[PDB]
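Colleague: Compute the structure for the input listed below.
(chains A, B, C and D)
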Amino acid sequence: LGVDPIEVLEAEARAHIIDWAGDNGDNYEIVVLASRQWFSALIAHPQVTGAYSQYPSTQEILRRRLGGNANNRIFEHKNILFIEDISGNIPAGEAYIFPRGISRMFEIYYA
Amino acid sequence: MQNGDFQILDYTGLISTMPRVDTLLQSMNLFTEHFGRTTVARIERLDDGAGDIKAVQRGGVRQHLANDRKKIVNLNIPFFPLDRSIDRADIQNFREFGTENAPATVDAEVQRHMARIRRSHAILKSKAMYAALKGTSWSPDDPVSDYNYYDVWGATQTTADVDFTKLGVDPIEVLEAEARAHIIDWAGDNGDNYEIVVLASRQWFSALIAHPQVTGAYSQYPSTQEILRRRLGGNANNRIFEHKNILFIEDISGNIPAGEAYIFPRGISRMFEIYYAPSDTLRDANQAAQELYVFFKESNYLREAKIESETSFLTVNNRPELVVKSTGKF
Amino acid sequence: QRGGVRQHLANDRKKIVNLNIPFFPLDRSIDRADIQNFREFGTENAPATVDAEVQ
Amino acid sequence: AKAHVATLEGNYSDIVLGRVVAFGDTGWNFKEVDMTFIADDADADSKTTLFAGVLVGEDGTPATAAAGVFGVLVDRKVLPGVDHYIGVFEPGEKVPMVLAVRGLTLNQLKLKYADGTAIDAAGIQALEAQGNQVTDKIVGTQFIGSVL
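Modeller: Residues are numbered from 1 along each chain as shown, chains lettered A, B, ... in the order given. Provided below are the atomic coordinates:
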């Protein structure tokens, strides 16, 4: 409880990504994909909720369900996007971090 | 393409994956450059003053005045060469990578080597300039030109420390009391609107933001920069932060030692400078200097080529007493 | 120093790779016995039609 | 599962950093010696173990110690990406290959004994004593994952 997890996550992921982008730090954007329990643990951390208990905000995670009634429980915080993966393909307790916009990072071929 | 003599393939492109080079401080244009003629430089100082005046009874003896200072100093400049060659065997029977038909050419190798040379020289200049801000010349592995500008002029470091394990002490007030008073007193002019800028290592900066005395002020009602909800500075590479009229700039270049930051003001005249000298060739020996020299050649016997590059410069901090060396306990 | 040994430059890398591809079939057939004498599941007395089975 | 891949790193001019262009006799810097290309005992199509920068004595035997160091193998048959010579030769046959001897500047970091270990501080004398400049002031290069 004495450390905000977002700080460690940034110091690791953004530090790794900015150096290994390969072209330049042209204002990259990050995205996070995580399972149910990881998402719930992230939200339940007091250091996260402390930033929203004082004055209102758009999401208002304290009173309204994140992402509305729709599924996938999306969430944004400190210009970082968090998504709840209910498909079950993400291993329990794990999450993955990758940036958008990288060219040729993903490809699919047909024969 | 082919994966053998008798059957074919589908070749589908190429990748570049080039590393990033930072240019943060170069963009701020802190330095003024003078193109010299030799490997020595002169600097001079002239400090004036004033004094107290007593009261004396009408008649009787009187009181007199006193004179001012003078000082003078000299320096010298290092050298930075770089070269490379190319030969026949490097381009015979080789494809030009990226295309499946074209053969290798001698022009592409030269152009690529020139690009590498330019990048390396730019990186050198950035690093050497970074070194000056700390208060020393660069001269790596050349003990001839290691100058401690504090020691060259006779100034003092004035280390203002901050220990982040003391939650009950506000670091900004310590910064004010120890650094800003010194800066204001020692400016030397009569202008009175100096801007204070802090350039800090990523660790020190991040540890600062977590301090209760700093987060507390921004937590109770909305602010323009929601530092506690939105990442500082947006999605840019380095986090710019404004606080108590002190601009904080995050240094991700990874050369400032982790745990230190340096506080300096802007606009103090002739505070940062760099001098260039001519290279050692009969064309330029004793003539006006130039930033970067690049010599290209090809043996008249036609069996190899050579590329050369040379430059020599020194970075100077004329007023080291105005760069405060911070530090952080954790 | 001015006159001593000089310095030299390095070179880059040109790695290469290639890959294969898999294949996936899926087939099905139909027969007379599945249609002729079975009522449509969604109606009282409508005889089954081959078109619904195809779809 | 083991996707076939190939790599290229360095080339001829990355070892011989500098050469003294002799007048008239352009081969003043090189010697030709017969060497066993395919190992004496090995598979009929086993690739040769020789690599560029390997120290070789006067008789063509790879130098395993400073005593037997005479020159550096430079011939085109052993450069990276020249694997098209596989299968041409037969075990036990000796083929001439060019060696560099004198009047050159050599990159130390790419000079290794037959075993592949780095050049020894004593063997350097032999190459330097032949009229060559063994140097270490190489700028080098850095790739992605390094802050510049």
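Colleague: Residue A:7 should be in a helix, yeah?
Modeller: Yes: if the criterion is DSSP: H, G, I helix; E, B strand; the rest coil, then residue A:7 is within a helix.
Colleague: Now do it: how many residues are near it, please.
Modeller: For residue A:7, the number of neighbouring residues by other CB atoms under 10 Å in any protein chain shown comes to 14. For every residue, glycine as well, the C-beta is placed using N, CA and C.
Colleague: residue contacts, it?
Modeller: B:206, B:210 (CB atoms under 8 Å, 6 or more residues apart in numbering or on different chains).
Colleague: List the buried residues of stretch A:2-16.
Modeller: Neighbour-count burial for stretch A:2-16, counted by 16 or more other CB atoms under 10 Å in any protein chain shown, picks out A:4, A:6, A:9-10, A:13-14.
Colleague: chain center to that stretch: distance?
Modeller: Centroid displacement of stretch A:2-16 relative to its chain, using CA atoms, centre = their mean, to the nearest Å, is 12 Å.
Colleague: As PDB, could you dump the C-alpha coordinates of it?
Modeller: What follows is the C-alpha trace of stretch A:2-16 in PDB, where atoms were taken according to Å, rounded to 0.1, in the frame of the first residue of the first chain:
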ATOM      1  CA  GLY A   2       3.000   2.300   0.400                       C
ATOM      2  CA  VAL A   3       3.800   2.500  -3.300                       C
ATOM      3  CA  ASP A   4       1.500   3.300  -6.200                       C
ATOM      4  CA  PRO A   5       1.600   0.400  -8.700                       C
ATOM      5  CA  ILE A   6       1.200   2.800 -11.700                       C
ATOM      6  CA  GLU A   7       4.600   4.300 -10.900                       C
ATOM      7  CA  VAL A   8       6.400   0.900 -11.100                       C
ATOM      8  CA  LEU A   9       4.400   0.000 -14.200                       C
ATOM      9  CA  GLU A  10       5.400   3.200 -15.900                       C
ATOM     10  CA  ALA A  11       9.100   3.100 -14.900                       C
ATOM     11  CA  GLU A  12       9.300  -0.500 -16.300                       C
ATOM     12  CA  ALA A  13       7.100  -0.400 -19.400                       C
ATOM     13  CA  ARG A  14       7.600   3.100 -20.700                       C
ATOM     14  CA  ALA A  15      11.300   3.000 -20.000                       C
ATOM     15  CA  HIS A  16      11.600  -0.200 -22.000                       C
END
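Colleague: hmm, back to that, out of the buried residues of stretch A:2-16, which is nearest to residue D:19?
Modeller: residue A:14 (47.8 Å; CB to CB).
Colleague: Contact partners for that closest one?
Modeller: Listed by CB under 8 Å, 6+ apart, the contact partners of residue A:14 are residue A:30.
Colleague: That one - that's part of a strand, no?
Modeller: No: under three-state DSSP, residue A:14 falls outside any strand and is assigned helix.
Colleague: What number of residues are in the vicinity of the one residue in chain D that gets nearest to chain A?
Modeller: The nearest approach of chain D to chain A comes at residue D:144, 5.1 Å away (CB to the nearest CB). Residue D:144 sits with 13 neighbouring residues when counted by other CB under 10 Å.
Colleague: Test my guess that it contacts residue A:20.
Modeller: Yes: assessed by CB atoms under 8 Å, residue D:144 is found in contact with residue A:20 at 5.5 Å.
Colleague: What are the boundaries of the strands in chain A?
Modeller: A:29-34, A:75-76, A:81-84, A:95-100 (DSSP state E).
Colleague: can you list the residues of chain A near chain C?
Modeller: Contact residues of chain A with respect to chain C, defined by CB under 8 Å from any CB of the partner chain, are listed as A:109, A:111.
Colleague: Close to chain B: what parts of chain A are there?
Modeller: Close to chain B, as judged by CB under 8 Å from any CB, chain A has residues A:4, A:7, A:10-11, A:18-19, A:21-25, A:27-29, A:50-52, A:54-55, A:57, A:77-80, A:104, A:109.
Colleague: Among these, which lie within helices?
Modeller: For the residues of chain A next to chain B, the ones inside helices are A:7, A:10-11, A:18-19, with DSSP state H as the criterion.
Colleague: With respect to residue D:126, which of those is nearest?
Modeller: Nearest to residue D:126 among those, counting by CB to CB, is residue A:19 at 42.7 Å.
Colleague: Can you name the residues bridging to residue D:31?
Modeller: Per DSSP bridges, the residues bridged to residue D:31 are residue D:99.
Colleague: Would you check that it makes contact with residue D:97?
Modeller: No: using CB under 8 Å, residue D:31 is not in contact with residue D:97, being 9.9 Å away.
Colleague: Compare those two and say which one has the larger neighbour count.
Modeller: When residue D:31 and residue D:97 are compared for neighbours, residue D:97 comes out ahead with 20 against 16, by other CB under 10 Å.
Colleague: which of the ones in helices among the residues of chain A next to chain B sit farthest apart?
Modeller: A:7 and A:19 (18.4 Å).
Colleague: Now do the helices in chain D.
Modeller: In order along the chain, chain D carries the following helices (DSSP H): D:123-129.
Colleague: For the residue of it found nearest chain B, give its distance to residue B:296.
Modeller: For chain D and chain B, the shortest gap (CB to the nearest CB) falls at residue D:12, measuring 3.9 Å. Distance of residue D:12 to residue B:296, given as CB to CB, to the nearest Å: 20 Å.
Colleague: Residue numbers of chain D in contact with chain B?
Modeller: Contact residues of chain D with respect to chain B, defined by CB under 8 Å from any CB, are listed as D:11-13, D:16-19, D:21, D:26, D:76, D:79, D:81, D:139, D:141-148.
Colleague: Narrow those residues to those that are buried.
Modeller: Applying a neighbour-count criterion of 16+ other CB under 10 Å, the buried members of the residues of chain D next to chain B are D:11-13, D:16-19, D:79, D:139, D:148.
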